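Printed here is model.pdb (PDB, N, CA, C and O atoms):
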MODEL        1
ATOM      1  N   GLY I   1      22.754  -3.074 -18.821
ATOM      2  CA  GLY I   1      23.445  -2.546 -17.612
ATOM      3  C   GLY I   1      23.255  -1.054 -17.533
ATOM      4  O   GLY I   1      22.564  -0.560 -16.652
ATOM      5  N   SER I   2      23.866  -0.332 -18.463
ATOM      6  CA  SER I   2      23.735   1.115 -18.491
ATOM      7  C   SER I   2      22.249   1.440 -18.641
ATOM      8  O   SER I   2      21.733   2.348 -17.991
ATOM      9  N   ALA I   3      21.565   0.683 -19.495
ATOM     10  CA  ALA I   3      20.134   0.881 -19.717
ATOM     11  C   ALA I   3      19.349  -0.001 -18.748
ATOM     12  O   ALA I   3      18.173   0.245 -18.475
ATOM     13  N   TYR I   4      20.015  -1.032 -18.236
ATOM     14  CA  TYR I   4      19.416  -1.961 -17.281
ATOM     15  C   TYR I   4      19.303  -1.234 -15.952
ATOM     16  O   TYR I   4      18.233  -1.141 -15.352
ATOM     17  N   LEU I   5      20.446  -0.725 -15.512
ATOM     18  CA  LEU I   5      20.574   0.004 -14.265
ATOM     19  C   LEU I   5      19.663   1.218 -14.261
ATOM     20  O   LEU I   5      18.868   1.402 -13.339
ATOM     21  N   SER I   6      19.795   2.054 -15.286
ATOM     22  CA  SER I   6      18.965   3.241 -15.384
ATOM     23  C   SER I   6      17.516   2.831 -15.169
ATOM     24  O   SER I   6      16.838   3.378 -14.305
ATOM     25  N   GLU I   7      17.056   1.847 -15.937
ATOM     26  CA  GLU I   7      15.682   1.372 -15.820
ATOM     27  C   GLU I   7      15.441   0.496 -14.585
ATOM     28  O   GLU I   7      14.291   0.278 -14.199
ATOM     29  N   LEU I   8      16.509  -0.004 -13.966
ATOM     30  CA  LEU I   8      16.357  -0.836 -12.775
ATOM     31  C   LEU I   8      16.033   0.055 -11.589
ATOM     32  O   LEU I   8      15.027  -0.151 -10.911
ATOM     33  N   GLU I   9      16.873   1.049 -11.326
ATOM     34  CA  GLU I   9      16.574   1.934 -10.219
ATOM     35  C   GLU I   9      15.561   2.970 -10.632
ATOM     36  O   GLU I   9      15.076   3.758  -9.824
ATOM     37  N   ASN I  10      15.231   2.936 -11.913
ATOM     38  CA  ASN I  10      14.223   3.815 -12.461
ATOM     39  C   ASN I  10      12.948   3.216 -11.868
ATOM     40  O   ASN I  10      12.037   3.922 -11.436
ATOM     41  N   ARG I  11      12.932   1.885 -11.835
ATOM     42  CA  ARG I  11      11.813   1.094 -11.343
ATOM     43  C   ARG I  11      11.533   1.288  -9.853
ATOM     44  O   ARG I  11      10.377   1.253  -9.430
ATOM     45  N   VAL I  12      12.579   1.489  -9.054
ATOM     46  CA  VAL I  12      12.369   1.696  -7.627
ATOM     47  C   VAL I  12      11.896   3.109  -7.332
ATOM     48  O   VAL I  12      11.126   3.313  -6.399
ATOM     49  N   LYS I  13      12.352   4.093  -8.099
ATOM     50  CA  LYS I  13      11.871   5.440  -7.844
ATOM     51  C   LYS I  13      10.359   5.341  -8.035
ATOM     52  O   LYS I  13       9.589   5.957  -7.302
ATOM     53  N   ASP I  14       9.945   4.512  -8.990
ATOM     54  CA  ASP I  14       8.529   4.296  -9.280
ATOM     55  C   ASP I  14       7.859   3.448  -8.193
ATOM     56  O   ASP I  14       6.733   3.731  -7.781
ATOM     57  N   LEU I  15       8.556   2.413  -7.733
ATOM     58  CA  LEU I  15       8.034   1.529  -6.692
ATOM     59  C   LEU I  15       7.907   2.225  -5.339
ATOM     60  O   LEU I  15       6.996   1.933  -4.566
ATOM     61  N   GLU I  16       8.826   3.139  -5.052
ATOM     62  CA  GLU I  16       8.789   3.872  -3.797
ATOM     63  C   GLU I  16       7.649   4.885  -3.841
ATOM     64  O   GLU I  16       6.939   5.073  -2.850
ATOM     65  N   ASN I  17       7.465   5.527  -4.992
ATOM     66  CA  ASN I  17       6.385   6.503  -5.150
ATOM     67  C   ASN I  17       5.044   5.799  -4.977
ATOM     68  O   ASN I  17       4.120   6.332  -4.360
ATOM     69  N   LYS I  18       4.948   4.597  -5.534
ATOM     70  CA  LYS I  18       3.726   3.812  -5.459
ATOM     71  C   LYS I  18       3.470   3.362  -4.020
ATOM     72  O   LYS I  18       2.321   3.267  -3.582
ATOM     73  N   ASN I  19       4.550   3.102  -3.290
ATOM     74  CA  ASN I  19       4.463   2.663  -1.900
ATOM     75  C   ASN I  19       3.919   3.793  -1.024
ATOM     76  O   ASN I  19       3.106   3.560  -0.131
ATOM     77  N   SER I  20       4.372   5.018  -1.281
ATOM     78  CA  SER I  20       3.911   6.173  -0.513
ATOM     79  C   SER I  20       2.419   6.348  -0.760
ATOM     80  O   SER I  20       1.642   6.581   0.169
ATOM     81  N   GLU I  21       2.028   6.236  -2.026
ATOM     82  CA  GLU I  21       0.629   6.369  -2.411
ATOM     83  C   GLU I  21      -0.216   5.384  -1.615
ATOM     84  O   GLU I  21      -1.176   5.770  -0.937
ATOM     85  N   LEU I  22       0.142   4.106  -1.710
ATOM     86  CA  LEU I  22      -0.583   3.067  -1.001
ATOM     87  C   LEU I  22      -0.666   3.386   0.492
ATOM     88  O   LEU I  22      -1.731   3.272   1.094
ATOM     89  N   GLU I  23       0.449   3.797   1.092
ATOM     90  CA  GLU I  23       0.451   4.128   2.517
ATOM     91  C   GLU I  23      -0.549   5.238   2.848
ATOM     92  O   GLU I  23      -1.247   5.175   3.864
ATOM     93  N   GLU I  24      -0.612   6.262   2.000
ATOM     94  CA  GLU I  24      -1.544   7.357   2.246
ATOM     95  C   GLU I  24      -2.986   6.864   2.154
ATOM     96  O   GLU I  24      -3.835   7.259   2.962
ATOM     97  N   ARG I  25      -3.271   6.006   1.174
ATOM     98  CA  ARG I  25      -4.625   5.467   1.032
ATOM     99  C   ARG I  25      -4.978   4.609   2.243
ATOM    100  O   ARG I  25      -6.102   4.654   2.743
ATOM    101  N   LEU I  26      -4.012   3.811   2.691
ATOM    102  CA  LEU I  26      -4.203   2.927   3.839
ATOM    103  C   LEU I  26      -4.615   3.755   5.050
ATOM    104  O   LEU I  26      -5.588   3.440   5.736
ATOM    105  N   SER I  27      -3.851   4.814   5.306
ATOM    106  CA  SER I  27      -4.120   5.705   6.425
ATOM    107  C   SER I  27      -5.565   6.197   6.358
ATOM    108  O   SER I  27      -6.300   6.153   7.348
ATOM    109  N   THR I  28      -5.976   6.656   5.184
ATOM    110  CA  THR I  28      -7.343   7.135   4.996
ATOM    111  C   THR I  28      -8.387   6.046   5.291
ATOM    112  O   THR I  28      -9.369   6.297   5.988
ATOM    113  N   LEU I  29      -8.182   4.842   4.763
ATOM    114  CA  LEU I  29      -9.140   3.756   4.992
ATOM    115  C   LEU I  29      -9.198   3.343   6.460
ATOM    116  O   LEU I  29     -10.251   2.954   6.969
ATOM    117  N   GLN I  30      -8.057   3.425   7.134
ATOM    118  CA  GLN I  30      -8.000   3.083   8.539
ATOM    119  C   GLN I  30      -8.784   4.120   9.356
ATOM    120  O   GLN I  30      -9.550   3.764  10.252
ATOM    121  N   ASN I  31      -8.619   5.404   9.048
ATOM    122  CA  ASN I  31      -9.366   6.423   9.785
ATOM    123  C   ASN I  31     -10.863   6.220   9.579
ATOM    124  O   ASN I  31     -11.653   6.324  10.526
ATOM    125  N   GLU I  32     -11.253   5.912   8.347
ATOM    126  CA  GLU I  32     -12.667   5.687   8.063
ATOM    127  C   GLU I  32     -13.143   4.485   8.872
ATOM    128  O   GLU I  32     -14.191   4.525   9.511
ATOM    129  N   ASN I  33     -12.355   3.417   8.851
ATOM    130  CA  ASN I  33     -12.703   2.215   9.590
ATOM    131  C   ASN I  33     -12.936   2.527  11.070
ATOM    132  O   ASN I  33     -13.928   2.092  11.661
ATOM    133  N   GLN I  34     -12.023   3.289  11.663
ATOM    134  CA  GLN I  34     -12.138   3.647  13.067
ATOM    135  C   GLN I  34     -13.300   4.589  13.373
ATOM    136  O   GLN I  34     -13.959   4.447  14.399
ATOM    137  N   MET I  35     -13.568   5.547  12.495
ATOM    138  CA  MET I  35     -14.685   6.456  12.736
ATOM    139  C   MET I  35     -16.016   5.728  12.598
ATOM    140  O   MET I  35     -16.948   5.990  13.365
ATOM    141  N   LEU I  36     -16.114   4.826  11.623
ATOM    142  CA  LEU I  36     -17.348   4.066  11.448
ATOM    143  C   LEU I  36     -17.584   3.256  12.727
ATOM    144  O   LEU I  36     -18.688   3.239  13.269
ATOM    145  N   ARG I  37     -16.530   2.592  13.199
ATOM    146  CA  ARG I  37     -16.592   1.798  14.428
ATOM    147  C   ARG I  37     -17.070   2.654  15.607
ATOM    148  O   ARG I  37     -17.932   2.239  16.381
ATOM    149  N   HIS I  38     -16.515   3.856  15.747
ATOM    150  CA  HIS I  38     -16.922   4.733  16.843
ATOM    151  C   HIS I  38     -18.382   5.165  16.724
ATOM    152  O   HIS I  38     -19.103   5.209  17.720
ATOM    153  N   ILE I  39     -18.814   5.489  15.509
ATOM    154  CA  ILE I  39     -20.198   5.906  15.291
ATOM    155  C   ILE I  39     -21.155   4.771  15.650
ATOM    156  O   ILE I  39     -22.165   4.984  16.314
ATOM    157  N   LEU I  40     -20.824   3.562  15.210
ATOM    158  CA  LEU I  40     -21.673   2.404  15.473
ATOM    159  C   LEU I  40     -21.729   1.974  16.939
ATOM    160  O   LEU I  40     -22.759   1.491  17.407
ATOM    161  N   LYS I  41     -20.632   2.148  17.670
ATOM    162  CA  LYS I  41     -20.624   1.741  19.068
ATOM    163  C   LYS I  41     -21.399   2.705  19.957
ATOM    164  O   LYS I  41     -21.719   2.381  21.096
ATOM    165  N   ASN I  42     -21.699   3.892  19.439
ATOM    166  CA  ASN I  42     -22.452   4.879  20.205
ATOM    167  C   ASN I  42     -23.889   4.977  19.709
ATOM    168  O   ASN I  42     -24.341   6.112  19.440
TER     169      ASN I  42
ATOM    170  N   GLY U   1      27.664  -0.974  -9.597
ATOM    171  CA  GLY U   1      28.662  -1.871  -8.933
ATOM    172  C   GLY U   1      28.107  -3.273  -8.779
ATOM    173  O   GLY U   1      27.128  -3.624  -9.427
ATOM    174  N   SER U   2      28.766  -4.091  -7.969
ATOM    175  CA  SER U   2      28.276  -5.436  -7.715
ATOM    176  C   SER U   2      27.420  -5.271  -6.467
ATOM    177  O   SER U   2      26.272  -5.707  -6.422
ATOM    178  N   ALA U   3      27.992  -4.607  -5.465
ATOM    179  CA  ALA U   3      27.313  -4.347  -4.199
ATOM    180  C   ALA U   3      26.088  -3.481  -4.452
ATOM    181  O   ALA U   3      25.001  -3.733  -3.933
ATOM    182  N   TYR U   4      26.292  -2.450  -5.258
ATOM    183  CA  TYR U   4      25.248  -1.510  -5.623
ATOM    184  C   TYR U   4      24.171  -2.171  -6.484
ATOM    185  O   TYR U   4      22.977  -2.013  -6.234
ATOM    186  N   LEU U   5      24.608  -2.920  -7.486
ATOM    187  CA  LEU U   5      23.711  -3.606  -8.410
ATOM    188  C   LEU U   5      22.898  -4.750  -7.817
ATOM    189  O   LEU U   5      21.925  -5.200  -8.415
ATOM    190  N   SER U   6      23.315  -5.260  -6.669
ATOM    191  CA  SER U   6      22.579  -6.344  -6.039
ATOM    192  C   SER U   6      21.554  -5.719  -5.110
ATOM    193  O   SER U   6      20.500  -6.294  -4.835
ATOM    194  N   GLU U   7      21.875  -4.509  -4.664
ATOM    195  CA  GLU U   7      21.050  -3.747  -3.740
ATOM    196  C   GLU U   7      19.901  -2.986  -4.393
ATOM    197  O   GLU U   7      19.062  -2.408  -3.702
ATOM    198  N   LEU U   8      19.858  -2.974  -5.717
ATOM    199  CA  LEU U   8      18.788  -2.272  -6.405
ATOM    200  C   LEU U   8      17.748  -3.281  -6.839
ATOM    201  O   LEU U   8      16.556  -2.990  -6.857
ATOM    202  N   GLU U   9      18.212  -4.475  -7.185
ATOM    203  CA  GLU U   9      17.322  -5.544  -7.603
ATOM    204  C   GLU U   9      16.677  -6.087  -6.340
ATOM    205  O   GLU U   9      15.533  -6.536  -6.356
ATOM    206  N   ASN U  10      17.424  -6.029  -5.243
ATOM    207  CA  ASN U  10      16.932  -6.498  -3.957
ATOM    208  C   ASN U  10      15.874  -5.525  -3.448
ATOM    209  O   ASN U  10      14.857  -5.926  -2.884
ATOM    210  N   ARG U  11      16.125  -4.242  -3.677
ATOM    211  CA  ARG U  11      15.239  -3.179  -3.234
ATOM    212  C   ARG U  11      13.963  -3.201  -4.065
ATOM    213  O   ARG U  11      12.894  -2.815  -3.587
ATOM    214  N   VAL U  12      14.090  -3.670  -5.305
ATOM    215  CA  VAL U  12      12.951  -3.797  -6.208
ATOM    216  C   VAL U  12      12.102  -4.971  -5.732
ATOM    217  O   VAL U  12      10.878  -4.883  -5.703
ATOM    218  N   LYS U  13      12.755  -6.068  -5.355
ATOM    219  CA  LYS U  13      12.035  -7.244  -4.873
ATOM    220  C   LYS U  13      11.257  -6.925  -3.603
ATOM    221  O   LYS U  13      10.061  -7.203  -3.509
ATOM    222  N   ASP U  14      11.944  -6.346  -2.623
ATOM    223  CA  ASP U  14      11.307  -6.009  -1.357
ATOM    224  C   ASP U  14      10.170  -5.014  -1.560
ATOM    225  O   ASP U  14       9.105  -5.156  -0.962
ATOM    226  N   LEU U  15      10.395  -4.008  -2.401
ATOM    227  CA  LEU U  15       9.366  -3.013  -2.685
ATOM    228  C   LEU U  15       8.150  -3.680  -3.328
ATOM    229  O   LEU U  15       7.013  -3.325  -3.027
ATOM    230  N   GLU U  16       8.396  -4.644  -4.213
ATOM    231  CA  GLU U  16       7.311  -5.360  -4.879
ATOM    232  C   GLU U  16       6.509  -6.162  -3.865
ATOM    233  O   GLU U  16       5.278  -6.131  -3.871
ATOM    234  N   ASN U  17       7.210  -6.894  -3.004
ATOM    235  CA  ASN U  17       6.547  -7.691  -1.979
ATOM    236  C   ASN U  17       5.714  -6.783  -1.083
ATOM    237  O   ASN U  17       4.520  -7.010  -0.883
ATOM    238  N   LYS U  18       6.360  -5.751  -0.553
ATOM    239  CA  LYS U  18       5.699  -4.808   0.326
ATOM    240  C   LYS U  18       4.506  -4.137  -0.345
ATOM    241  O   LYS U  18       3.444  -4.017   0.276
ATOM    242  N   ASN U  19       4.657  -3.709  -1.602
ATOM    243  CA  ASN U  19       3.542  -3.046  -2.271
ATOM    244  C   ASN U  19       2.398  -4.020  -2.556
ATOM    245  O   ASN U  19       1.237  -3.628  -2.516
ATOM    246  N   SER U  20       2.706  -5.292  -2.795
ATOM    247  CA  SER U  20       1.647  -6.281  -3.024
ATOM    248  C   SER U  20       0.930  -6.540  -1.704
ATOM    249  O   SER U  20      -0.270  -6.821  -1.676
ATOM    250  N   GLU U  21       1.682  -6.440  -0.613
ATOM    251  CA  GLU U  21       1.152  -6.651   0.726
ATOM    252  C   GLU U  21       0.208  -5.501   1.073
ATOM    253  O   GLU U  21      -0.865  -5.713   1.633
ATOM    254  N   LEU U  22       0.621  -4.283   0.740
ATOM    255  CA  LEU U  22      -0.197  -3.106   1.002
ATOM    256  C   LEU U  22      -1.516  -3.169   0.227
ATOM    257  O   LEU U  22      -2.566  -2.790   0.744
ATOM    258  N   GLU U  23      -1.468  -3.658  -1.008
ATOM    259  CA  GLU U  23      -2.683  -3.755  -1.811
ATOM    260  C   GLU U  23      -3.676  -4.718  -1.163
ATOM    261  O   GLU U  23      -4.889  -4.537  -1.266
ATOM    262  N   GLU U  24      -3.164  -5.743  -0.486
ATOM    263  CA  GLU U  24      -4.042  -6.701   0.173
ATOM    264  C   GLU U  24      -4.717  -6.049   1.380
ATOM    265  O   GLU U  24      -5.917  -6.221   1.593
ATOM    266  N   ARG U  25      -3.951  -5.296   2.164
ATOM    267  CA  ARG U  25      -4.505  -4.609   3.326
ATOM    268  C   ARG U  25      -5.582  -3.620   2.871
ATOM    269  O   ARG U  25      -6.594  -3.441   3.532
ATOM    270  N   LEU U  26      -5.341  -2.971   1.739
ATOM    271  CA  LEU U  26      -6.285  -2.000   1.185
ATOM    272  C   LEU U  26      -7.590  -2.716   0.843
ATOM    273  O   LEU U  26      -8.673  -2.251   1.180
ATOM    274  N   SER U  27      -7.472  -3.860   0.176
ATOM    275  CA  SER U  27      -8.634  -4.652  -0.203
ATOM    276  C   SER U  27      -9.413  -5.053   1.058
ATOM    277  O   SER U  27     -10.638  -4.948   1.102
ATOM    278  N   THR U  28      -8.694  -5.504   2.083
ATOM    279  CA  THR U  28      -9.327  -5.912   3.341
ATOM    280  C   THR U  28     -10.157  -4.780   3.956
ATOM    281  O   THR U  28     -11.328  -4.970   4.270
ATOM    282  N   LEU U  29      -9.548  -3.606   4.118
ATOM    283  CA  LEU U  29     -10.248  -2.465   4.703
ATOM    284  C   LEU U  29     -11.419  -1.969   3.855
ATOM    285  O   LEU U  29     -12.458  -1.582   4.390
ATOM    286  N   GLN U  30     -11.254  -1.956   2.538
ATOM    287  CA  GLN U  30     -12.347  -1.514   1.681
ATOM    288  C   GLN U  30     -13.528  -2.448   1.906
ATOM    289  O   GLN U  30     -14.683  -2.014   1.954
ATOM    290  N   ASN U  31     -13.242  -3.734   2.072
ATOM    291  CA  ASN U  31     -14.327  -4.683   2.289
ATOM    292  C   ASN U  31     -14.949  -4.561   3.675
ATOM    293  O   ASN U  31     -16.154  -4.741   3.824
ATOM    294  N   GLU U  32     -14.140  -4.242   4.681
ATOM    295  CA  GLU U  32     -14.683  -4.089   6.025
ATOM    296  C   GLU U  32     -15.468  -2.772   6.099
ATOM    297  O   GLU U  32     -16.557  -2.719   6.670
ATOM    298  N   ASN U  33     -14.920  -1.710   5.512
ATOM    299  CA  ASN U  33     -15.603  -0.418   5.541
ATOM    300  C   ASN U  33     -16.931  -0.473   4.795
ATOM    301  O   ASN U  33     -17.928   0.076   5.272
ATOM    302  N   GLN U  34     -16.969  -1.138   3.639
ATOM    303  CA  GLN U  34     -18.237  -1.232   2.912
ATOM    304  C   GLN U  34     -19.289  -1.918   3.789
ATOM    305  O   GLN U  34     -20.450  -1.526   3.805
ATOM    306  N   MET U  35     -18.879  -2.955   4.516
ATOM    307  CA  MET U  35     -19.805  -3.662   5.393
ATOM    308  C   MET U  35     -20.257  -2.759   6.532
ATOM    309  O   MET U  35     -21.434  -2.739   6.888
ATOM    310  N   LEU U  36     -19.318  -2.022   7.117
ATOM    311  CA  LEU U  36     -19.660  -1.133   8.219
ATOM    312  C   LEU U  36     -20.605  -0.034   7.732
ATOM    313  O   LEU U  36     -21.523   0.374   8.448
ATOM    314  N   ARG U  37     -20.392   0.445   6.512
ATOM    315  CA  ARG U  37     -21.276   1.472   5.988
ATOM    316  C   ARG U  37     -22.675   0.879   5.810
ATOM    317  O   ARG U  37     -23.668   1.528   6.126
ATOM    318  N   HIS U  38     -22.753  -0.362   5.325
ATOM    319  CA  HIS U  38     -24.053  -1.004   5.124
ATOM    320  C   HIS U  38     -24.797  -1.146   6.444
ATOM    321  O   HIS U  38     -26.014  -1.009   6.498
ATOM    322  N   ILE U  39     -24.055  -1.429   7.507
ATOM    323  CA  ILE U  39     -24.642  -1.597   8.833
ATOM    324  C   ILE U  39     -25.090  -0.252   9.382
ATOM    325  O   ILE U  39     -26.162  -0.126   9.987
ATOM    326  N   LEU U  40     -24.238   0.749   9.195
ATOM    327  CA  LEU U  40     -24.559   2.068   9.671
ATOM    328  C   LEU U  40     -25.797   2.416   8.892
ATOM    329  O   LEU U  40     -26.800   2.833   9.479
ATOM    330  N   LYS U  41     -25.717   2.170   7.574
ATOM    331  CA  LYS U  41     -26.766   2.468   6.598
ATOM    332  C   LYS U  41     -28.165   1.919   6.733
ATOM    333  O   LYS U  41     -29.159   2.661   6.656
ATOM    334  N   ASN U  42     -28.232   0.632   7.006
ATOM    335  CA  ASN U  42     -29.492  -0.046   7.125
ATOM    336  C   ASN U  42     -29.714  -0.532   8.547
ATOM    337  O   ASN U  42     -29.308  -1.675   8.848
TER     338      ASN U  42
ENDMDL
END
Please, can you express the file's structure as structure tokens?
Amino acid sequence: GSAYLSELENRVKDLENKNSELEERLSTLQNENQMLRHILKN
Amino acid sequence: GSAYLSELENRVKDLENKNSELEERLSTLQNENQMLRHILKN
């Protein structure tokens, strides 16, 4: 509990940080996807 | 708490689901972008 809780929400601070990371990578891959599409259509 | 303690394990579950979902989208785009690069490429 005391160590469960600490490590439980310890886990979400980690899960949220990981989520932000993934979101930033996603954004980058999406921009690349769209620019490639634009280059190819022209 | 009880309310608090159910909301951290729940937040861990949702974060896990969401982060696993994000990893799939990442895989999808990496695969589409690699193909688009090959097309642009050759």
Expected selection from the ChimeraX specification (/U :<6) & /I, given as a PyMOL selection string: chain I and resi 8-9+12+15+19+26+29+33
Rounded to one decimal place, report the CA of residue 35 in chain I-atom O of residue 42 in chain U distance in Å. 17.2 Å
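A least-squares superposition of chain I on chain U, with Cα atoms paired in sequence order, returns an RMSD value of 0.6 Å.
What separates CA of residue 2 in chain U from atom N of residue 21 in chain I is a distance of 29.3 Å.
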Mind giving me the axis-aligned box for range 36-42 of chain U with 3 Å on every side, centre plus edges in Å to one decimal, as lines of an AutoDock Vina configuration file?
center_x = -24.5
center_y = 0.4
center_z = 7.6
size_x = 16.4
size_y = 10.9
size_z = 10.9
Grab the atom N of residue 41 in chain I to atom N of residue 41 in chain U distance for me, in Å with one decimal place. 11.3 Å
